[PDB]
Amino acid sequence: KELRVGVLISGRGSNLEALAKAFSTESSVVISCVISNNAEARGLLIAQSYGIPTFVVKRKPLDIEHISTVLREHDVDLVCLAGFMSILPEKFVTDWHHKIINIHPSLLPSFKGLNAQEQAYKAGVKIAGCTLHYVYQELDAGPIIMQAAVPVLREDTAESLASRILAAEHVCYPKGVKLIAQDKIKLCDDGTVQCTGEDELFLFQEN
């Protein structure tokens, strides 16, 4: 109980799971709540198996006052988007500036937006990966914290490449949050992000 995290989900919560496994030892970080905009989100069950309180909110229109209410009430320092499917409103992004992050299944700034893996596959790139980044006003364009690269093999499908990238997301997200919790992440004057400790912000994952 030092860095308190809130995780926003809409789906299976595989990244949430990685995050909950990583920080339930010895650990500096606490996931204080998980919030979903989908009552059918399987990630809610993962959350409940780790003893983490869960909350379902209305989707359309998104009940953002309830989200903020839950986050304030659980003393959240850092909001992690992990498969959350909505466009967040301006005030909320403004309000949590420097305190919301996301993981996106491409090597940004390439392949912003939905369907990032399919886009890469059709593109014929030979290397792909994931990016952890602060959530700013423009979708998928805030400053980059960590990146991890994976290869695309001759025999891949769009779906098999996704699994390889998702595998890499599982390693990158928790490492990233850990660096934030132990005070080693720093936004610089030029708007780029840098680590003040020994650790590196790049990962090369081979498969």
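From 1 onward, residues are counted along the sequence shown.
A chain break between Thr25 and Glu26 is present, corresponding to 1 to 3 residues of the deposited sequence without coordinates. Averaged over Cα atoms, the B-factor as recorded in the entry is higher for 56 to 64 than for the other of 170 to 178 and 56 to 64. Across the two stretches, 120 to 128 and 88 to 96, the PDB entry reports the greater mean Cα temperature factor for 88 to 96.
Out of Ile35, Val29, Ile144, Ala149, it is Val29 whose C-alpha atom has the highest B-factor in the PDB entry. Among all modelled residues in this chain, the alpha-carbon of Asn115 has a temperature factor (C-alpha) in the highest third. In the PDB entry, a CA B factor belonging to the highest third of its chain's modelled residues is recorded for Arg72. In the PDB entry, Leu153 places in the middle third of its chain by CA B-factor.
Sort the chain's modelled residues by C-alpha temperature factor and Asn15 lands in the lowest third, per the entry.
Per the deposited record, the Cα B-factor of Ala47 falls in the lowest third when ranked against the other modelled residues of its chain.
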